[PDB]
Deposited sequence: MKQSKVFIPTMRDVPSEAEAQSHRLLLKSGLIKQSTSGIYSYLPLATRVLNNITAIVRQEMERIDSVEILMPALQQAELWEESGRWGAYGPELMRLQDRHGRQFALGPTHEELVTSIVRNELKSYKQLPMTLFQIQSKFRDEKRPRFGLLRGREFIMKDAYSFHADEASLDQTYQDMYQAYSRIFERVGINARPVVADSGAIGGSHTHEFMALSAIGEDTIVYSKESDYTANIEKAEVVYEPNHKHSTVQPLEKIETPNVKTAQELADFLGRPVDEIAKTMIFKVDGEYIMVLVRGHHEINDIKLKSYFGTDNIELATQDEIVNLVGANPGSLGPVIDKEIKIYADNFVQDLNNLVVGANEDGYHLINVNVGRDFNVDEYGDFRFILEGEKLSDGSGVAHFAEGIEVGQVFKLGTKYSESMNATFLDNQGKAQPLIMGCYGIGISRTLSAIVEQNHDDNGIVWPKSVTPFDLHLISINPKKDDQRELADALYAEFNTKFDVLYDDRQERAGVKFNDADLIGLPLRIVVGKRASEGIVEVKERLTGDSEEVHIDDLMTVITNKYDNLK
């Protein structure tokens, strides 16, 4: 393509709104444009990168016999009522009515839709297993869209769904997808790690998140240097090995604590270490209010709470609810269940809130002053603590969730009545797997890991064009004519972006750095001599090359790119 015919609205200055480097760079390089909050258009160069990503995805899917389909965004509410998800989800599910008052969801995902395709069509065990996937735009009314393509409200997902006669078949396809995903991410230029993920409040089947290792990552991975242990910090179990810090039991005193809000402020006010303070939060779980206690150096992990209680309906109590009910503390007259993290047992003579502003309690002891109804693992692991598998020490790394693989089992097939006749000839619900890659999120993740201060540095596998051909001054006949000839010579074997614009060299080069193609061929002053400059985007190395050498010099350099 001639660059004069390609829409690439490069920016001079990026807004301070934009925080993530991928978002800033995708804006600055003219690759995306925001329509409104979390809704973007993919401009020409981004679309070419998307096409390269999806081609790779399609190859890896076909390699494991995952077969492409395309399902609708408009999904009738009756389908979501069959599964029970219509009522289970709130404002994140985008909903609408058609001209006859019939209700629809815009698809956030397609479990019901695919199940509706397959039911009474996958009739026999002889047709199983079956794996289907699409690359399609999903809709989720995210509470907080942010970081550009990392969290949009309309986004591209590759979603796959597999159907099985038994657990062993599912296990096989799960493994195939796991391995395919690893290959996908490596091929597109992402350093990713699969990590054990939380299976939800109610379920317990296996699931792995694929995490692009990057500092902007909102997820934390817990990993071993000794074993292959890798878990999301939400999931990572803390094993409690008793190590008591008990001192001689003292009597309960209420004390004045002016302007003290936080646990660390309290610690500093009392001259005690923060770990000796116990914090109290109030949660509402399936209707009823509870107390959860953790040590001052720890934080409550509400994914663990959800899994512990076996419910998703867990939220913190509001200011009003806390007032109506009751710095908070566990010494209260009301009949309320009190839960404590296991590591609270290493202390006695607790420091807690008084349920009375300006006051805290000291020397509070369990059994005497209040009772803990149940102990458990309700917190995040800390870096340095012993891992649950006994392998060694916990290390953290940040991560972007670029994909996930799930064993679903029979949830949808039982609720929506999707059965097959087994080996014995009796009706059984389809065993399902499901697997997803954030395609637009992955595009951003590629950028996060493949850039410098001057712009994007696209991997060879996904770069929108292979070579940037640049004439310094096309008013000069020798430059223009040479560059024209080179375009013709190179644009058969390669995809060439030819910067043919009547535009100052400075802006062409600036644009070229932002766009980030791996190799640059500059035609300038030495065009008469048949000499051009070849520049590498990654290293910034530059060398002069005569045109008769150019095909082999470029071919060799291209072949040796990562």
| item | value |
| --- | --- |
| Where the deposited sequence has no C-alpha coordinates (positions from 1, in order) | 327 to 331 |
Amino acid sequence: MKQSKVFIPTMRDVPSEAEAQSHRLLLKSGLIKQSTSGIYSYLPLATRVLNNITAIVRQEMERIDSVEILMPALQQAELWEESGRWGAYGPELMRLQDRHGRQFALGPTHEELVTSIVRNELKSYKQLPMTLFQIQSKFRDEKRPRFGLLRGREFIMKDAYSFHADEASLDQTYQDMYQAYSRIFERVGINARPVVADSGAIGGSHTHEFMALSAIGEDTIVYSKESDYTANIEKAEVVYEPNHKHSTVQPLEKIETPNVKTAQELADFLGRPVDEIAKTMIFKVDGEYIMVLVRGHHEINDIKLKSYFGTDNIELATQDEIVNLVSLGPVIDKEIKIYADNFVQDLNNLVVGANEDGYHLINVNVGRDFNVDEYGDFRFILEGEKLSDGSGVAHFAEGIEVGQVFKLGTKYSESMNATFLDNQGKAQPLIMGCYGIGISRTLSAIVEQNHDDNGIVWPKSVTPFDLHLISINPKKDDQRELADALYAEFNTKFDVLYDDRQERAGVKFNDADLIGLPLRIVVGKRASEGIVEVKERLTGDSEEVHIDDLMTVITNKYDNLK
From here on, numbers count along this sequence of modelled residues.
| property | result |
| --- | --- |
| 190 to 198 versus 233 to 241 - greater average Cα B-factor per the deposited record | 233 to 241 |
| Mean temperature factor over C-alpha atoms, higher-scoring stretch between 126 to 134 and 365 to 373 | 365 to 373 |
| Most elevated Cα B-factor in the entry, residues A165, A354, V447, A215 | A354 |
| Criterion, highest CA B-factor; candidates, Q250, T463, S471, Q103 | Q250 |
| Record-listed C-alpha B factor of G516: chain third | lowest |
| Chain-relative CA temperature factor third for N423 | highest |
| Chain third (lowest, middle, highest) by recorded CA B-factor, residue given as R526 | highest |
| Lowest, middle or highest third - CA B-factor, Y178 | lowest |
| Record-listed C-alpha B factor of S415: chain third | middle |
